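After the structure tokens below, expect a handful of questions from me.
Which chain is which? They are A, B, C, D, E and F, in the order written, and residues in each are numbered from 1.
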Amino acid sequence: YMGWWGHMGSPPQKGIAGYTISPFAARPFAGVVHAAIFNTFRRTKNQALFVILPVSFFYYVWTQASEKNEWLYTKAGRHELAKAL
Amino acid sequence: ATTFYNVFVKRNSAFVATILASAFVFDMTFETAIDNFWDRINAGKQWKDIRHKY
Amino acid sequence: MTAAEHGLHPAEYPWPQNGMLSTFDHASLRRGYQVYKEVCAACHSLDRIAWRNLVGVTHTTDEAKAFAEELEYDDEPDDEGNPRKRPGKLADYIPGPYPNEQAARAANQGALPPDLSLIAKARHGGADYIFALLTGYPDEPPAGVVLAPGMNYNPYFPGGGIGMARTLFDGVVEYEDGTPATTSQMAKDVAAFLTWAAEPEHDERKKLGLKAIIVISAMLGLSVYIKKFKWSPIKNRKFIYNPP
Amino acid sequence: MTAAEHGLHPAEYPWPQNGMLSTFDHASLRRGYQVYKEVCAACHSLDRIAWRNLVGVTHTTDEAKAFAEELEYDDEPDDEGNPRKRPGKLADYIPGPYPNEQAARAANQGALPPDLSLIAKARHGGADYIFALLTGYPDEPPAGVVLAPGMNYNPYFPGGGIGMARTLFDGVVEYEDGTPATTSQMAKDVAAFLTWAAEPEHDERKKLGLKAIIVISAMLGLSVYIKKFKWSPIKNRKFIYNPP
Amino acid sequence: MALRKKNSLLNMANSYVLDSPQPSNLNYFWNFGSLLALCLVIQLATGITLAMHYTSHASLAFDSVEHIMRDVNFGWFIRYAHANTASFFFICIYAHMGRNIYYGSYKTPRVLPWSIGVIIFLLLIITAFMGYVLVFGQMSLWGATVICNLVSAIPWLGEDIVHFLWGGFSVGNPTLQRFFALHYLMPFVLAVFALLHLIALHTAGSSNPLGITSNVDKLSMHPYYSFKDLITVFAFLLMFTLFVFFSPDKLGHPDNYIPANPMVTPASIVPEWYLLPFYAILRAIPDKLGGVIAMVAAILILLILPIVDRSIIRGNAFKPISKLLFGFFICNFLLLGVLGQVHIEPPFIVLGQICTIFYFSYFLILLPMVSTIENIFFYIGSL
Amino acid sequence: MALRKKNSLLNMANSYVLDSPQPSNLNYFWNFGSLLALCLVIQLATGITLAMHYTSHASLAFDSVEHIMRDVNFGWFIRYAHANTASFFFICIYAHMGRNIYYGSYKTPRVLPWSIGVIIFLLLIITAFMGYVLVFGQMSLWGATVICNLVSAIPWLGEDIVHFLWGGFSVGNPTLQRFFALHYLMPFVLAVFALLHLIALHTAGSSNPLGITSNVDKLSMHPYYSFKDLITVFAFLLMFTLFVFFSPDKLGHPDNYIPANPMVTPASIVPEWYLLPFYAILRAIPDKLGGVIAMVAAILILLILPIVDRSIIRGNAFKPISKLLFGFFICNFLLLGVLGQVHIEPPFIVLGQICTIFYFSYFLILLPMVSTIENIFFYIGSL
């Protein structure tokens, strides 16, 4: 499934012209400020829900469970604990 | 500044010699500099600061 | 579990050694050794500490040799193969108050006072736990606590009933540096001393960490420049496609 | 080196255990233990042998427990942490005559009688050396030998001057099996016993070796048949060459 | 022809670290492979060094570790480095497995590197469990006791096997000495399997975050990924530094600084943090043997990902529903970790069981369903 | 295409042990390679097992070996197997090196496997020396003392390096514990180099006893050399059996059954038998540093065989004069071995020096001369 240099196993390529400049000729940090602010904000915004939803749900679950557990082992929670066992 | 490149950078033998000599200097000076800094932020705390009583 | 069964969690006190760049206060360490020697050493060993460990931390070579030379240690047998004692040397370990566990328990109504060389690492809380425990004996147990015989109430100890009685009272030690020996002062000093005993590398470790942080930070910054530099041909690459 | 400095090399005696298929004579082992116990044990320890090791070699479980129970061994401290003794158990090691090296040397004009658990492996010659040494004290040292004080002449010992005096004399032991306890008989028995002590696996080892020899021999024979079988196409290959 | 290609030995190195053709778009999550190799190298160097100072006999083991801390020059560093890197090794291995699951690295044609990887993961667990025992503190002993007693569940022979592992009737000297020997060995076995999974991967090449072929656009491993790997090496070393130098015991259990005492049982016997999710899965099943099977199945079930993922598309970059499901799966795995260290009390008992059901249902139900549905949405959605 | 060729992992195995094309005329001296692999496997298995029972602390080491002999089930066998196989490993390695020298396996195109082989030989020596120390009997200690004191000869830093090796001011606990760790490690390093020299060899293929190309007539490694290797495996196991079961201490020094005593110096401090020729070479030079250099040079000089053999013909099968010279060289190497264990007394002092001169002159003078002359005799002789 993968070859090696010169016979990598790409479908034949024809008509793509690729251009680049020397590392010494480029500014390595060109547009870094724009990227660090706007690009990172864009990428983060687009992924936010996929992190926030599961994290917030499982944190809420843990919070409820730890608070119940704490309450069951107080004086006030004696009766509810007796039933729970 | 071409001069600087030509002397210290162009030949890799010279570049590596320069890097190692710089590492030697850095290592010795950084040691001394941190020692002094550490003694100033921890003044009166360390054994060397109370040793004089004994 | 009940809070009682866990023990009350000790406050976070601002120890001199808290802080990325902070050493122990060695004057406090020295005071704390004197508390260990005059109070705790009656019941608790410090078996992992040798006299040489105190030198250049709390005491000069001469003071520590004096401490060693006051004691008798087991020598190699004499020429008739009879046991002999010798005076202590700096390489000797600080000797314990009891010859074995059984003797220790017999002297403490069944409880075994732990070795204190590691106790600051061996309990959640560290210095703070030792300080809280030594200072945290209430005059009277909270109403309704039933102590087992030979137990004392201390909320910081898990379960509440600890076999060690309160031992620090104002002026049980006379510090040689003129510091007022209050319960709180002595507890702070001995807790600092025990923390040092548990992690004697602490001061050196934090200094080497400072050097490491600085060098590694600079290398991280430079590695980012170098990565960006070398990758710019790939990032900057542009294409023109003319379908054939 | 001179022959003296090497020691005379001991004769090859025909021990019952010499021979690929031969075990120790266990009756001799038992007799030899009795010689160890009544003669050598005064000066020499047998520290690597436990009472349990004698069981089913030289003695029954009951005889060996009796031997163990006659002695006192250090117990765990009592409840006041005072030292205690207990009677011996089969798990205990046979105890030495001296508490340390210094006591041993003091009792033997400076010489240290070695532990005998490994002595059969630890000297060139093995059983033969032990037998030769015990039986090889001449009445008079060869004319011209100057013995150091407290040394005895024995040609088998390197240098000739050995700190151990002759100890086996006719009838120092009374064997329980009615065998005449002659110097030579006792030396043979104790030498056999010590050989067993050095290599207690000896009997089992040689039996497993017999099984291994047989299986491995058969496998070697068959591997030759199989090799020849599989190789015959290559060995038997024939060519016809017609230059093109 | 250049020497690095001509000479057979150099050419093997060349094929892996220099001319190796990589996709040109690997993101930073492809850097965990090299971090894991760095952890493995640190563990070998520090581990072999500790072995020069450690004594495996139970009468001396704990004290030999104290001797390393106190007497050996830089012993404190080598000990803490070894102990903390064991934690980082698991952070990196979970990250690496997470990357592989999210980007579908387990799909054809990479089932073999994935499957060998599952074995590497098991060997890492065994290695780290045995290494923990070597300290012979309270957690060392009690952890060994409880974990080795799980083998008692194996029917008929279980008891006999436990006594065989222990070399004894309880955890003690024979167990400690054998774990030393095996703990020394297991990292070399682990290195061999790590190398095998790379060799297996080299037939297909690395996957990439788009999940398409990279055969069209390759980049030499060096210098591009060499210098990109340096960034995470230095980021890793910064995290390593903050633990090893400034908080060396944050990841540790204090009870392991108390010498092993078979009489006193510690308050709560929990494994090291990285084993906690498996421990929660074990507690979830009431049956002893059931629990053990579930715990093993929680690892071995990874082997069925190649089958149960029915997607026509490799990885999750373009699959919104799969990404949500993956998010929940990961967070549930973390909740299992947390429930592994709580006390067996309400309401965590029931919660642990629900999380365990969610864990298994991801592989057995949800991933097959969601991947089937998304296939259909891509087809109908683009018509 | 058959699976063993298709799958990359299987194909690596296939290329070495199954389809590997071998000359059809290898004789029994080509079987030492597999015997050495068998020794290496036996040493790993027995060694790792001993490590489960051995304690590296100097206070317990000797006693732990006695415990293995006396208490551990089959401990006697595992101990003797490990100790005797160390001897067989050197018999087989000398046989393998002898085969290689006689048949010109060191000539192009096989210089690289030969040269890696010389390093394997050095690692074997170090491995076996450290393993011997672990017993901590009298020979263990005194051998470590005298061998490590050779490093004191290195100018300026020599003394400092010895203290560094020892971890102390004499051989004692620190030395023993570090040798344990390294003795455990070194066999794995040795296995890697053994694998490298095979990979290097695979480019040229095995030489053969005629010294001609075998490209014209090849045989699969299996089944032909598989079944031929079995014969020597069983012959080896028979020899192994006779030592391990019937004479387990024939190759041993009795003094190693006396616990190490730094005060008492044993009568005669000699290395294990397989290092004796190098010890004779060392004694031959009066200068301390000279002696050490000569001893190392006696091994490293093997690296120049590719250069100093000027023959146009590979190996000795057809070279009567070279065969005689080789015979004398081998017998001299055995005489050196014998002189390694005699006392430093007349007339063995002078004899040791003459044998050492003969040893070096083989590589430096005689082989270059004889190989040049035989070239001429073949050319003139066949006109």
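Everything below uses one rule, namely that a residue touches a chain if its C-beta (ideal position, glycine included) is under 8 Å from a C-beta of that chain, and two chains touch if they have at least 3 such contacts.
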Q: By CA centroids, point me to the most central chain in this structure.
A: E
Q: Report which interface contains more C-beta contacts, comparing A-C against A-E.
A: A-E
Q. Between subunit A and subunit D, what is the separation of their C-alpha centroids in Å?
A. 72
Q | For subunit C paired with subunit E, centre-to-centre distance based on mean C-alpha positions, whole Å | A | 33
Q: Between subunit D and subunit E, tell me the centre distance in angstrom, where each centre is the average of that chain's C-alpha atoms.
A: 52
(Q) For subunit C, give me the residues that contact two or more of the other chains. (A) 1, 230, 234
Q. Which subunit A residues touch at least two other chains?
A. 73
Q. Looking at the whole structure, which two-chain pairs count as touching?
A. A-C, A-E, B-C, C-D, C-E, D-F, E-F
Q. Within the complex, which stretch of subunit E touches subunit A?
A. 19, 21, 109, 203-205, 213, 215-216, 218, 320, 323-324, 327-328, 330-332, 334-335, 338, 342, 345-348, 351
Q. Considering the complex alone, what residue numbers of subunit C touch subunit E?
A. 1, 20, 48, 53, 114, 117-118, 121-124, 158, 198-201, 205-206, 208-209, 212-213, 216-217, 219-220, 223-224, 226-227, 230-231, 234
**Q.** In the complex with subunit D, residue positions of subunit F that touch it
**A.** 24, 66, 69-70, 76-77, 219, 223-224, 227-228, 230-231, 233-235, 237-238, 241-242, 244-246, 248-249, 254-255, 257-258, 267, 343, 345
Q) Which of the residues in subunit B come into contact with subunit C in the complex? A) 30-31, 34, 38, 41-42, 44-47, 49-51, 54
Q: Spell out the part of subunit D that touches subunit C in their complex, as residue ranges.
A: 76-81, 98-106
